[PDB]
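Structural overview for review
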Amino acid sequence: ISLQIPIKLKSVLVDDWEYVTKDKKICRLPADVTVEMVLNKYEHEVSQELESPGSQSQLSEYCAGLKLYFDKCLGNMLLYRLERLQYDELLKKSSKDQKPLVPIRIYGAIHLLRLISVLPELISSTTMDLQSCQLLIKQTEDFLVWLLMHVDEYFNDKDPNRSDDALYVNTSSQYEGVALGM
Amino acid sequence: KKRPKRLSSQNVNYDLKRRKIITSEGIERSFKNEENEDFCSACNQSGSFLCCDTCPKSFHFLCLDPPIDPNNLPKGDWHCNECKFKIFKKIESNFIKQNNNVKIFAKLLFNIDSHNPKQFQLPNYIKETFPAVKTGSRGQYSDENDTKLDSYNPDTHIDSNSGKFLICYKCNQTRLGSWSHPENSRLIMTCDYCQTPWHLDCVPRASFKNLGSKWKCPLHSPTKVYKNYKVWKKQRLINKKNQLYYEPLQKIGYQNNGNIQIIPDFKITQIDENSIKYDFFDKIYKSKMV
Amino acid sequence: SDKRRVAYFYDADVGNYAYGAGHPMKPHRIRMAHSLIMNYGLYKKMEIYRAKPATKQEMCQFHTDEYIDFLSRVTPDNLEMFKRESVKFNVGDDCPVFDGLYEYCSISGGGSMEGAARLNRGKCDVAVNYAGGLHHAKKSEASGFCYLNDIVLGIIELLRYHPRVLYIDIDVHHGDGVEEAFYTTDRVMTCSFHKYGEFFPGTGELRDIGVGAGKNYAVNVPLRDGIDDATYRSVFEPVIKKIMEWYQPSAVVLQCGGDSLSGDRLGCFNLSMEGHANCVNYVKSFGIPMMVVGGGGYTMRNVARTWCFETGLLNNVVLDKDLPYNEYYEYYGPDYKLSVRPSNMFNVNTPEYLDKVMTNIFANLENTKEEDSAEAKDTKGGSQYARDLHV
Amino acid sequence: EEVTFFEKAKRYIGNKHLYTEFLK
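This report concerns the structure included in the present document.

Its place among the elements puts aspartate 171 of chain C in the loop between strand 4 (165-169) and helix 7 (176-181). Leaving out residues up to four positions away in the same chain, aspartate 171 of chain C has contacts with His135, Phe193, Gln255, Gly257, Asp259, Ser260 and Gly296 of chain C.

Structure (structure tokens):
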């Protein structure tokens with residue numbers, strides 16, 4: 001049921017939690033890397049490092065299912081109380097130019113890993129068969145193993161105080177006051 | 001003989017407060033006769049809420065997947081995410097085959113509007129892997145956070161743990177002073193990690209802080225040492241089945257970027273002091289040539 | 001020391017505003033300071049000036065458009081519907097709203113820009129603005145338990161005539177917004193005296209002296225719970241002397257905050273009349289252009305006493321302790337004397353700590369070396385004098 | 001010489017609560 005989150009990525013999640021709550025920092029809205037580019041890197045890299053007996057079929061199927069999962073379940077479990085007004089203003093800007101509300105291509109890999117970690121919280125409370133569960137756990141473990149090597153390129157240790165490539169924008173006093181107000 | 005209760009002046013305002021004498025008259029010749037809860041089910045927080053009838057909970061105006069500004073009220077009565085399906089062959093069988101390429105996630109996508117939106121909480125197998133991380137009151141990252149006479153100094157210069165006196169590191173003077181002339185007394189705050197004594201004059205501090213993050217004595221490793229650049233953030237400590245591991249086999253040009261448990265995935269390697277001495281002299285020598 | 005032309009701007013509407021019940025910070029001290037000045041016979045070497053209300057599009061010079069438009073639209077009858085902008089700028093939660101809020105911000109900003117313009121045209125060497133002094137707020141904030149930052153509104157209004165601007169904060173609850181607004185630029189140097197303990201600003205440190213061009217050019221000193229007059233002299237004279245010997249400013253903005261007096265609601269300092277007078281007296285001694293502004297003071301007697309004393313000495317006259325009869329005759333103390341007695345409360349500050357602060361400050365500073373703008377449109381407002389000398 | 005640092009630190013710090021942090 002519970003997937004083997006590596007201890008490095010657990011430290012990454014705790015660091016993100018510290019940045020969000022204690023350090024009061026939120027992710028870049030116009031992030032240079034979102035879920036689209038990390039999955040593009042997945043399909044560009046992992047395809048040629050293994051044989052092709054048909055695993056690409058359910059591999060791409062799981063990638064598409066994850067992409068669909070990241071849309072509706074983003075506004076359900078994700079968005080720590082600081083990020084609610086940034087979500088509101090993002091959807092307002094999307095609706096300003098009549099663009100459809102598509103929030104998957106906005107948030108980076110931090111929210112992707114956060115959604116990955118929150119899977120056993122709601123997987124257990126439904127009629128969901130173990131036969132697909134074992135395969136999903138194994139391939140997600142492969143996903144975390146791939147992310148391990150890519151963790152320095154994707155979650156590089158930087159802060160939003162002297163450069164703009166830290167994948168983080170710091171909270172403002174008005175934004176901090178109004179985000180935790182309502 | 002102040003006598004304040006004797007005089008009340010009930011004809012006008014009383015006790016800073018104003019009475020109802022101003023509102024007791026209505027003669028004017030101007031017109032010339034022509035349930036809910038304190039907490040929340042999403043983030044366990046208190047604040048502005050929307051009234052509900054189908055459910056006994058309360059939600060914030062900015063804690064919804066389609067959030068709405070409080071000034072512009074929704075038309076009619078607003079309902080929660082699962083309140084829409086609360087009033088209303090299984091639909092799962094047709095929903096699985098209704099769409100393609102989502103088959104392994106069809107059941108997961110089915111359950112999206114059947115439950116309320118909520119703030120994110122770390123699962124029950126992530127935070128406890130590091131013992132330094134503990135859950136907060138409202139969801140904070142808890143790592144280290146929780147004008148009279150000379151009598152402050154005896155309450156601080158004596159801990160009653162062993163009946164001794166604590167001496168500062170920068171200066172070997174406790175400076176408790178004398179009762180007759182207490183101006184020479186200096187306040188000392190102790191560390192919350194190693195209990196190292198410190199005068200308030202050696203370290204640039206001017207007050208005692210007891211709410212918020214605990215004061216750190218500045219004799220430890222930096223947490224965010226900056227050297228484009230590098231932001232070191234440690235690798236924390238692991239108490240889950242001794243996962244941190246201890247493998248001392250090289251201790252040479254180790255290049256383990258710090259994070260050593262000195263003795264006489266994640267890997268907190270073991271180091272000795274002889275290796276630290278040796279590579280310090282090696283670095284000193286290589287700096288001498290350059 | 002030297003003879004100076006002191007200008008003082010007062011608006012009668014500042015006095016008749018009450019922030020709320022149980023409110024320490026309040027504007028009524030300004031009217032009694034004005035009454036004490038008027039009844040002390042200081043008009044012989046003074047001119048009275050009327051503070052015009054601040055024009056909307058020139059008020060936006062510091063703050064954002066929506067913040068100013070909200071302040072002109074805020075009132076107690078619609079604060080309940082104004083929830084988003086109420087909690088976004090900390091308005092109504094810690095600082096409650098009241099009738100005539102926008103009027104207060106308008107007249108305060110007008111008085112500050114009036115002082116800045118009088119500095120610009122140079123007819124008056126020193127401008128005194130007790131009506132303003134709101135010095136805790138920010139661009140889109142009402143934090144620090146105030147509503148505006150009119151000093152930074154007046155500082156940049158005098159930048160055109162004065163390239164180098166020096167600001168001093170002497171009271172507790174220092175100028176978070178003042179040093180924040182002029183962080184990265186060397187043109188304005190912000191000096192502030194405050195205590196490390198938690199206050200309405202909360203900010204202030206010994207290592208946050210500047211970034212960018214303003215690096216090493218915004219000195220903050222963390223003080224302790226109450227300073228004696230001699231220790232404050234020893235911590236004030238060398239720092240300001242080194243600043244004027246190194247920075248070479250062409251203007252001085254002095255915050256005459258009464259919050260650091262001997263006994264008020266939130267203050268924790270122990271300076272008497274001598275201690276508070278030396279702050280203004282020292283920075284007067286160089287003769288460079290000056291702008292005295294005051295917003296501090298939680299107790300009326302102490303802040304009115306120190307403001308009357310400052311108004312007295314600033315014109316180089318001997319201000320006696322006796323108070324002439326006025327509308328507030330039974331207000332200031334039992335003996336009715338213009339002297340704030342220093343309380344018998346301990347001196348937490350250390351001479352060794354002060355020496356350490358001096359050494360690190362010197363080692364820090366050794367490395368370094370709109371349709372109405374610049375206008376003084378107002379009225380004298382001295383045709384009618386409201387001197388109530390009859391019981 | 002440059003080998004006296006060890007016993008200098010042993011005399012000065014003494015306790016291992018801080019010496020190990022000094023080694024770090």
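Pairwise contact counts over the four pairs of chains in contact peak for chains A and B. Nothing in chain A touches chain D, and the closest approach of their C-alpha atoms is 21 Å.

The full count for this structure, using the stated rule, is 28 salt bridges over all chains. Notably, a salt bridge pairs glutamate 47 of chain C with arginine 5 of chain C, separated by 3.4 Å at the nearest N-O pair. Here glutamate 47 of chain C is found in the loop between helix 1 (28-39) and strand 2 (48-49), whereas its partner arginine 5 of chain C is found in the segment before strand 1 (6-9), with 42 residues between them in sequence. Its relative accessible area of 37% is what places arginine 5 of chain C among the partly exposed residues. Among the salt bridges present, the one from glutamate 47 of chain C reaches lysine 123 of chain C, with a minimum N-O distance of 3.7 Å. Of the two residues, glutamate 47 of chain C is situated in the loop between helix 1 and strand 2 and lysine 123 of chain C in the loop between helix 5 (101-121) and strand 3 (126-129); the sequence distance between them amounts to 76 residues. Looking at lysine 123 of chain C, the relative accessible area reads 33%, which means it is partly exposed. Linked by salt bridges that have partners in common, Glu18, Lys22, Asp23 and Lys25 of chain A together with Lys224 and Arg236 of chain B make up one network.

Bring the parts together and some accessible area is lost; that lost area is often taken as the interface size. Facing 18 residues of chain B, the contacting portion of chain C comprises 15 residues. Surface buried jointly by chain B and chain C totals about 1400 Å² across both partners, of which 60% is contributed by carbon and sulfur atoms. Looking at the side of chain B facing chain C, the largest losses of area belong to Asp201, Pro204 and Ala206 of chain B, adding up to 34% of the total buried there. Across the chain B-chain C interface, the total number found is one salt bridge. With a shortest N-O distance of 2.6 Å, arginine 224 of chain C and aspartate 201 of chain B are connected by a salt bridge.

Should the sulfur atoms of two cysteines be covalently bonded, the bond is a disulfide. Residue and element names in this part refer to chain B. Tallied over the full model, the rule gives one disulfide over all chains. One disulfide bridge connects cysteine 80 with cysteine 83, the sulfur atoms lying 2.0 Å from each other. Around the S-S axis, the bridge from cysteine 80 to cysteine 83 shows a dihedral of about 100° and counts as right-handed. A residue is classified by how much of its surface remains accessible, and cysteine 83, at 3% relative accessible area, is buried. With no disulfide of its own, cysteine 63 has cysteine 43 as its nearest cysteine by sulfur position, at a separation of 3.9 Å.

Here the structure, examined in full by the defined rule, presents 33 aromatic pairs over all chains. Judged by centre distance (5.0 Å) and plane angle (90°), the rings of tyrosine 19 of chain A and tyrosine 168 of chain A are edge-to-face. Placement of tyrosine 19 of chain A in helix 1 (residues 7-22) and of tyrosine 168 of chain A in strand 2 (residues 168-170) is noted, with a sequence separation of 149 residues between them. Of the two residues, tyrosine 19 of chain A and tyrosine 168 of chain A, neither departs from the other in class, the shared state being buried. Taking 5.5 Å as the distance between ring centres and 80° as the angle between the ring planes, the aromatic pair formed by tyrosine 62 of chain A and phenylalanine 105 of chain B counts as edge-to-face. In this pair, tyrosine 62 of chain A sits in helix 3 (residues 55-72) while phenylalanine 105 of chain B sits in the loop between helix 2 (91-98) and helix 3 (106-110), so the two residues belong to two different chains. Across the pair, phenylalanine 105 of chain B and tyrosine 62 of chain A agree in class, each one buried. The residue whose ring lies beneath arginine 162 of chain A is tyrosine 229 of chain B, and the NZ or CZ to ring-centre distance is 5.4 Å. Lying across the ring of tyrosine 19 of chain D, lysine 10 of chain D places its NZ or CZ 6.0 Å from the centre.

Residue and element names in this part refer to chain C. Between helix 5 and helix 6 (residues 150-157), whose axes approach to 8 Å, the crossing angle comes to 25°. Looking at the two axes, helix 5 sits roughly parallel to helix 6. At the point where helix 5 passes helix 6, the crossing takes the right-handed sense. Residues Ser108, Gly109, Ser112, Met113, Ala116, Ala117 and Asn120 of helix 5 form the contact with helix 6, whose participating residues are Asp150, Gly154 and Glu157. Class assignment of the residues belonging to the contact of helix 5 with helix 6 gives a composition of three nonpolar, five polar and two charged.

Together, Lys1, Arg3, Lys5 and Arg6 of chain B make up a region of like positive charge exposed at the surface. Mapping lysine 1 of chain B onto the fold places it in the segment before helix 1 (84-87).

Attention now moves to the interface of chain A and chain B. Between chain A and chain B, the residue contacts involve 55 residues of the former and 50 residues of the latter. Interface area, chain A with chain B, both sides summed: about 5300 Å², of which 63% is carbon and sulfur. The largest per-residue losses of area from chain A upon contact with chain B belong to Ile7, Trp17 and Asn76 of chain A, which jointly make up 14% of the total buried on that side. Taken together, chain A and chain B are joined by three salt bridges. Residue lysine 224 of chain B is joined to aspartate 23 of chain A by a salt bridge in which the shortest nitrogen-to-oxygen separation is 3.0 Å. Scanning the region where chain A abuts chain B turns up 13 residue pairs in polar contact. Tallying contributions element by element places helix 1 of chain A first for the side of chain A that touches chain B, with twelve residues.

What counts and what doesn't
Each chain is numbered from 1 in the order of its written sequence, a scheme that can depart from the entry numbering, and any residue without coordinates is omitted. To label them, take the chains in the order written and letter them from A, then take the ligands in the order written and number them from 1. The chains in this view make up only part of a larger assembly, and the values are for that part alone. Water and hydrogen atoms play no part in the side-chain values, which are based on all heavy atoms of the structure. Secondary structure follows DSSP: runs of H or I at least 4 residues long count as helices, runs of E at least 2 residues long count as strands, and numbering of each begins at the N terminus. It only takes one pair of heavy atoms within 4.5 Å for two residues to be counted as in contact. Definition used for salt bridges: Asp or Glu carboxyl oxygen within 4 Å of a side-chain nitrogen of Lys or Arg. Partly exposed describes any residue whose relative accessible area lies between the buried limit of under 20% and the exposed limit of over 50%, with all areas from a 1.4 Å probe on protein chains only and scaled to the type maximum. Buried area: the sum, over both parts, of the accessible surface (1.4 Å probe) that disappears when the two are put together. We call a pair of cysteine sulfur atoms a disulfide when they lie within 2.5 Å. Each aromatic pair joins two rings of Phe, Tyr and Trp (for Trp, the six-membered one) with centres within 6.5 Å, and gets the label stacked for planes under 30 degrees apart, edge-to-face for over 60, and tilted for any other angle. Throughout this description, the term charge over a ring refers to an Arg CZ or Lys NZ atom that lies within 6 Å of the ring centre and within 35 degrees of the ring normal. Fitted lines through C-alpha atoms serve as axes, helices being fitted only where they are in contact, and the angles separating the N-to-C directions of these axes extend from 0 to 180 degrees. Any angle that falls under 35 degrees is termed roughly parallel, while one over 145 is termed roughly antiparallel, one within 65 to 115 roughly perpendicular, and all others oblique. Take the far helix as the reference: if the near one is turned anticlockwise from it by less than a right angle, the crossing is left-handed, and if turned clockwise, right-handed. Residues were grouped as follows: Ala, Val, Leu, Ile, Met, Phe, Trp, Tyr, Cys and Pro as nonpolar; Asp, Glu, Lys and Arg as charged; and all remaining residues, including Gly, as polar. Residues forming no salt bridge and having over 30% relative accessible area are the ones grouped into patches, like charges within 9 Å of each other and nonpolar side chains (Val, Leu, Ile, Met, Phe, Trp, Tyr) within 5 Å. The method behind every accessible area is Shrake-Rupley, applied with a 1.4 Å probe, and residues are considered shielded solely by the protein chains displayed. The positive count covers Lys and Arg only, the negative count covers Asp and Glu only, and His and the chain ends enter neither. Charge coordinates come from a single atom per side chain, which is NZ of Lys, CZ of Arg, CG of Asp or CD of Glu. Counting of polar contacts relies on pairs of N or O atoms within 3.5 Å, with two restrictions inside protein: one atom must be capable of donating a hydrogen and the other of accepting it, and residues adjacent in sequence are counted only when both atoms are side-chain atoms.

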